[PDB]
RNA sequence: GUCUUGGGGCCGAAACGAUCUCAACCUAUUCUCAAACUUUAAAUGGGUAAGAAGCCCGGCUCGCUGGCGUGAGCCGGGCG
RNA sequence: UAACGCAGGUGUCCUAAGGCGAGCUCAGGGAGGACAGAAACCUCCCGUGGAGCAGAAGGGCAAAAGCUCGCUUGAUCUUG
RNA sequence: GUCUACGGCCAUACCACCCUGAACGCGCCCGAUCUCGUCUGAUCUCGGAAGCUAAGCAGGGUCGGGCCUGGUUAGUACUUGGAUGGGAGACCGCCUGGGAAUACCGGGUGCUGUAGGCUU
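Chains as they are written, first to last, in my numbering: chain V, 1 to 102; chain X, 103 to 271; chain W, 272 to 563; chain A, 564 to 638; chain S, 639 to 797; chain F, 798 to 899.
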């Protein structure tokens, strides 16, 4: 058309990553450390550039972390709900939660 | 309860949705006129749905709002056609109850060969003294929380007053 | 069920009205126009006649607004009328006129223009004129300040107005709302008004109940008969009052009592009485749940 | 015919090569735009100090002498 | 790219900050303006009459014409080489008084007060605000304690 | 044609997401962002493996389809078919334009 | 978590009584975004003010402004 | 503050859709009522703009700038 | 201590609830001759004082939702100015200076002007 007016029309869809963004994430038993660490490098080959691989300190997909997590579940501040855990703070009317359940 | 809580009929509203304007409606206003003695008003259309026979601002229905002593006697005749019998789905969750009657003559109207075949709709608004404070203009407010009408609080007043009962449905 | 209207987000996105309109007492559309001065009249105050009716009292005030709060030049409550010679009926139309007559007289007696600007004693069909001398006594003015803007011929607030103008104030108005104004002929009458202004309709009302039924009469006016006031003296009592208001418009501001620091509901609960008590209150309600 | 469009980047040198950035703030700014009703009066107040000799400053003359006599006693 | 217009790009300029919609609070109106004092122009979107043009949203001047509902202003808006003094007319409920000059008329009073109070000390207390001096050497007490030994932390790669 | 991902690798345009002002965008070649045993409670898998980017770049949604399969295709052979849990923590939003100029 | 639901159905009232079972919903949670979305919100940046064009008193003038105030303007006097 | 950058609109429309004043409050949702049903009309409740204001989009607004009424033509003449 | 009328700031003033009331001070309220508007004296308007704090309103409470102000997040993000600094490049470290926001964790829940009452 001679570039007399060249605004592209869409095709495909892309996603951006910043330095430190987390592309892909896997959950597994603690005995499968090696199965995770190398399956990801198997995945690493289908991506431009280079990505570091390390095993997180965060229990599961939760916001909360390594082996202090089992205390709070026992301490009754978190409760397991499906793929995640609800934080039970104290600003909520816990005198109407403890009255409901200790 | 105490003297400041006695339940009363704030108002009672009657209407006929005749469906199409012209003559059948302007006959219908007579039926209400024969009943309560107050000049009724015609309610036009809010929307136009052609699967009824209605047009925008076509005069569809005539309604009325009786009040006070006049209301209570109209309810006495109105309830009698239903022989003081109702159901537990006739009492709204906001403390109102209603019903209908299939023919106008059953209240005390006199049939005439010029009169058509009309029914009409009943609906009773309970209330307690102080419920006008939600309408005042100079200074307004809410109605309350323990002074409102629950679902049950409507039924137990109705049952004792007009002797009737409610058949579960 | 369907989504609740009041979410945690709904409150975040809220916008309270101005407080006085939230309680419903002040109209902030009829204040922008009935209060604000123009900017080339820099500090010349603008006076309003705040006339309010309550279930058992009539309030009249004259005010001019400031950048912080209002300024009240004078006020004449209607429940001081037992002082002057009238006892029964303060929400009467005539009672309002007794208020509007006093408010002017007390205000004018403050400012030294009491001896002048008197107007008619009792007839209301005309405006009342002024004189202006620069930096010297003359030509008072104000504007009517109705509350929730209800204004239909015969309204009680227009009892004060005819009182104000006859009192000595000059209020721009029109005799289009004095009761007795025929709604469809648009004529000055001043006679039906003269009865309304003097309470002669109430005196007719009790003469109306006399013929028909005393039993209904007792239910209505049980405290007219207490400290007996019969219809035949009704206009006579008021004629004394309008005379009475003139000689003694001044106010003396009866003195107040001495406080023993009373409180009957509960103390004003501050941070500590909140912080420590409620930190207990949990530790108390906590104790019940571990004991059962 | 086909050609290049502009660019604007010496706008700041020419800008400040000369050029004083003040409007010459001045006493006695002209009365152009004032309210005519207001201005008519201030034209009258001037008019009745610029007219005559006996009415106005005969009051000014007396008051000044008191200003003359009062201040001197202090020295 | 876009084009000329009276209000172009004033989507946020006149946007009534986003927890305040409704009638302008009435302490805007009783504020009396007078010839020769300093105002700062600020656009408001509830008024729509006499709004200052977008170029004047922030420039300050002094009011020379006080009318019933509005106050003419002398403002400094610059075309390329010429910082003009342009007269505009705005409604009162846009602009507000400036606290800049009042921070000066506050110190004018005190400086003349101190000087007149010091006509009996015989010395001249010092003029305005020598700039911030150096920090005026002193001691530091540290007896009984010891400073902490700071050191860098090791590298921990988070997710 | 091919349009190799060398062209759209850097991040050199303002975000241009699928909205009312950009119509005709296709659907991304990735659609299933979670796979494995999804119902697993948080008690189950406490070893969360991550993959983290290191270049401020763009990843084509073509790749995320094949990276998800490639890492999934291994874990299935290693752990089982309900022994892990995979979540792609990246979504393709920023549509990218093309122009045919022949 | 239970209302219209289904799909598989059971009974033959009828099964969102119950119970399997998915589901549109609601409830709290969670993954990721926005140049033409935004509660918050910098760095850099834009006007002003930094005294005699002032500070302060006494008096006079008006066809505008009105409680008696006036706002504008004129004179005069001490401190730059 | 630019490009044959982007997503759009205009060459019109109004005796009211201008000017006042008054009285109301919208969108949406729930529960109840003869025919009446998801979808007419009647009542109550919740309802910070989620509606509407001619149209493009942005801004603005709830005892309005929205809706309905009653009167009118400030859509007039002349200076800057 | 508090209320009434008119307000300034316009949520620390809101919202959900629950508890108690400091002359009818505000209201609930009893009626429709007259003024006045309605289909309806429910609203609006007008005339009163037989009752009533139950409701409005005020005060308090909720390990409340909200709201204001703090704290950690963080000297992180971001950035004015410099380099013949690294890196093929994406970008990044440094010097000079300026410097935020959620999650999360605490504290607070009206101040007050003029005029007028009450000591219940």
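All residues carry an ideal CB built from backbone N, CA and C; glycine is no exception.
Out of curiosity, what's the CA-to-CA distance linking residue 622/A and residue 615/A?
-> By 1-based counting over the fourth chain, the position of residue 622/A is 59. By 1-based counting over the fourth chain, the position of residue 615/A is 52. Going from the Cα of residue 622/A to the Cα of residue 615/A covers about 13 angstroms.
Contacts of residue 599/A in chain S (Cβ-Cβ under 9 angstroms) = Position 36 of the fourth chain, counted from the start, is the residue given in the question as residue 599/A. Chain-ordered listing is empty here: chain S has no CB closer than 9 angstroms to the CB of residue 599/A, the nearest sitting near 11 angstroms.
C-beta neighbour in chain F for residue 56/V, strict 7 angstroms | Numbered from its first residue, the first chain carries residue 56/V at position 56. Interface residue, yes.
Using the C-alpha atoms, what's the distance from residue 399/W back to residue 439/W?
-> Here residue 439/W refers to the residue found at position 168 when the third chain is read from its first residue. Here residue 399/W refers to the residue found at position 128 when the third chain is read from its first residue. C-alpha separation (whole angstroms): 8 angstroms.
Residue range of the alpha helix (DSSP H) that includes residue 127/X = One-based indexing of the second chain puts residue 127/X at position 25. Per DSSP, residue 127/X belongs to the alpha helix (DSSP H) from 126 to 138.
Members of the segment 61 to 79 of chain V that neighbour chain F once the beta carbon cut-off is set at 7 angstroms | 61, 62
May I have the straight-line CA-CA distance separating residue 603/A from residue 315/W, to the nearest angstrom?
-> If you number the fourth chain from 1, residue 603/A lands on position 40. If you number the third chain from 1, residue 315/W lands on position 44. The alpha-carbon atoms of residue 603/A and residue 315/W are separated by roughly 21 angstroms.
Residue 677/S, buried or exposed, once every other Cβ within 10 Å from all chains shown has been counted against 16 = Position 39 of the fifth chain holds residue 677/S. Under this definition residue 677/S is a buried residue.
Does the distance from the CB of residue 268/X to the CB of residue 197/X come in under 7 angstroms?
-> As a first step, residue 268/X is located in the second chain; it is residue number 166 there, counting from the start. As a first step, residue 197/X is located in the second chain; it is residue number 95 there, counting from the start. With contacts defined by Cβ atoms closer than 7 angstroms, residue 268/X and residue 197/X do not form a contacting pair.
Just how far apart, CA to CA, sit residue 433/W and residue 223/X?
-> Translated into positions along the third chain, residue 433/W becomes position 162. Translated into positions along the second chain, residue 223/X becomes position 121. So the alpha carbons of these two residues sit roughly 51 angstroms apart.
Decide yes or no for the touch test of the segment 201 to 213 of chain X against the segment 154 to 174 of chain X: beta carbon pairs closer than 8 angstroms, at least 3 of them.
-> no
Report the residues of the segment 393 to 420 of chain W with a CB closer than 9 angstroms to any CB of chain X, ordered along the chain.
-> 418, 419
Contact belief for residue 412/W with residue 468/W at Cβ below 8 angstroms, rounded distance in angstroms | Translated into positions along the third chain, residue 412/W becomes position 141. Translated into positions along the third chain, residue 468/W becomes position 197. Wrong, their Cβ atoms sit about 23 angstroms apart, outside the cutoff.
Please check the pair residue 184/V and residue 795/S, which I expect to be a contact at CB under 8 angstroms, by giving their CB distance rounded to whole angstroms.
-> Since the first residue shown for chain V is 1 and the last is 102, residue 184/V is missing from the structure and cannot be characterised.
Between residue 465/W and residue 425/W, what straight-line distance do the alpha-carbon atoms span, to the nearest angstrom?
-> Your numbering for residue 465/W matches position 194 in the third chain. Your numbering for residue 425/W matches position 154 in the third chain. When rounded, the distance between both Cα atoms is 12 angstroms.
Look at the Cβ atom of residue 21/V, then the Cβ atom of residue 851/F, and state whether they are nearer than 7 angstroms.
-> Within the first chain, numbered from 1, the residue matching residue 21/V stands at position 21. Within the sixth chain, numbered from 1, the residue matching residue 851/F stands at position 54. Cβ atoms of residue 21/V and residue 851/F: not closer than 7 angstroms.
Chain-order list of residues whose beta-carbon lies under 6 angstroms from that of residue 244/X (same chain, five-residue window excluded) = Taking the second chain and counting its residues from 1, one reaches residue 244/X at position 142. Excluding residues within five positions, none has a Cβ falling inside 6 angstroms.
With distances taken between CB atoms, is the gap from residue 195/X to residue 248/X smaller than 7 angstroms?
-> Within the second chain, residue 195/X is the residue found at index 93, counting from 1. Within the second chain, residue 248/X is the residue found at index 146, counting from 1. No. Outside cutoff.
DSSP state of residue 795/S, grouped into three classes?
-> Along the fifth chain, read from residue 1 onward, the residue named residue 795/S stands at position 157. In the structure shown, residue 795/S sits in coil (DSSP, three-state: anything other than H, G, I, E or B).
Taking residue 271/X and residue 157/X to be in contact with their CB atoms under 8 angstroms, please state how far apart those CB atoms are, rounded to whole angstroms.
-> Position 169 of the second chain, counted from the start, is the residue given in the question as residue 271/X. Position 55 of the second chain, counted from the start, is the residue given in the question as residue 157/X. Not quite, the Cβ-Cβ distance comes to about 37 angstroms (not below 8 angstroms), so this is no contact.
Own chain partners of residue 681/S with C-beta closer than 7 angstroms, once the 5 adjacent residues on each side are dropped = The residue given as residue 681/S occupies position 43 in the fifth chain. Contacts found: 651, 652, 689, 690, 695, 732.
Span separating the alpha-carbon of residue 872/F from that of residue 63/V = Position 75 of the sixth chain holds residue 872/F. Position 63 of the first chain holds residue 63/V. For residue 872/F and residue 63/V, the distance between alpha carbons rounds to 24 angstroms.
Pick helix, strand or coil for residue 416/W, following the three-state DSSP scheme.
-> If you number the third chain from 1, residue 416/W lands on position 145. Residue state, collapsed to three classes: strand.
Looking at residue 420/W and the ligand ATP, is the gap between the Cβ and the nearest heavy atom below 6 angstroms?
-> The model depicted lacks the ligand ATP and carries no ligand whatsoever.
Going by other Cβ atoms of all chains shown within 10 Å of its Cβ, with 16 needed for buried, is residue 230/X buried or exposed?
-> The count along the second chain starts at 1 and reaches residue 230/X at position 128. Buried, since its Cβ has 16 or more Cβ neighbours within 10 Å.
Proximity of residue 891/F and residue 812/F at Cβ, strictly below 7 angstroms | Here residue 891/F refers to the residue found at position 94 of the sixth chain. Here residue 812/F refers to the residue found at position 15 of the sixth chain. In contact: residue 891/F and residue 812/F (Cβ atoms closer than 7 angstroms).
CB contact check: residue 14/V to chain S, cutoff 7 angstroms | Sequence index remark: in the first chain, residue 14/V carries index 14 (1-based). So no, residue 14/V is outside the interface.
Assign residue 888/F to one of two classes, buried (16 or more other C-beta atoms within 10 Å of its C-beta) or exposed (fewer than that).
-> Your numbering for residue 888/F matches position 91 in the sixth chain. Counting Cβ neighbours within 10 Å, residue 888/F comes out exposed, since fewer than 16 surround it.
Distance between residue 452/W and residue 308/W (C-alpha atoms, nearest Å) = The residue labelled residue 308/W in the question sits at position 37 within the third chain. The residue labelled residue 452/W in the question sits at position 181 within the third chain. Cα to Cα, residue 308/W sits roughly 33 angstroms from residue 452/W.
Give the straight-line distance between the Cα atoms of residue 657/S and residue 437/W, rounded to the nearest whole angstrom.
-> Locating residue 657/S in the fifth chain gives position 19, where the first residue counts as 1. Locating residue 437/W in the third chain gives position 166, where the first residue counts as 1. Their Cα atoms are separated by approximately 49 angstroms.
Using the beta-carbon of each residue, which ones in chain V are nearer than 7 angstroms to residue 553/W?
-> Position 282 of the third chain, counted from the first residue, corresponds to residue 553/W. Close to residue 553/W, with beta-carbon spacing below 7 angstroms, are these residues of chain V in chain order: 95.
Would you say the segment 712 to 724 of chain S touches the segment 744 to 753 of chain S, given that touching needs at least three Cβ pairs under 8 angstroms?
-> no
Keeping to the same chain, check which residues put their C-beta closer than 7 angstroms to that of residue 447/W; ignore five residues upstream and five downstream.
-> Here the question's residue 447/W lines up with position 176 in the third chain. Excluding residues within five positions, none has a Cβ falling inside 7 angstroms.
Anything in the segment 700 to 714 of chain S with a Cβ closer than 9 angstroms to a Cβ of chain W? List those residues in chain order, please.
-> 704, 705, 706, 707, 708, 709
Check the Cβ-Cβ distances between residue 22/V and every residue of chain S, and say whether any is below 7 angstroms.
-> Taking the first chain and counting its residues from 1, one reaches residue 22/V at position 22. Closer than 7 angstroms: yes.
Simplified DSSP assignment, three categories, for residue 610/A = Residue mapping note: residue 610/A aligns to position 47 of the fourth chain, counting from 1. Here residue 610/A sits in helix by DSSP.
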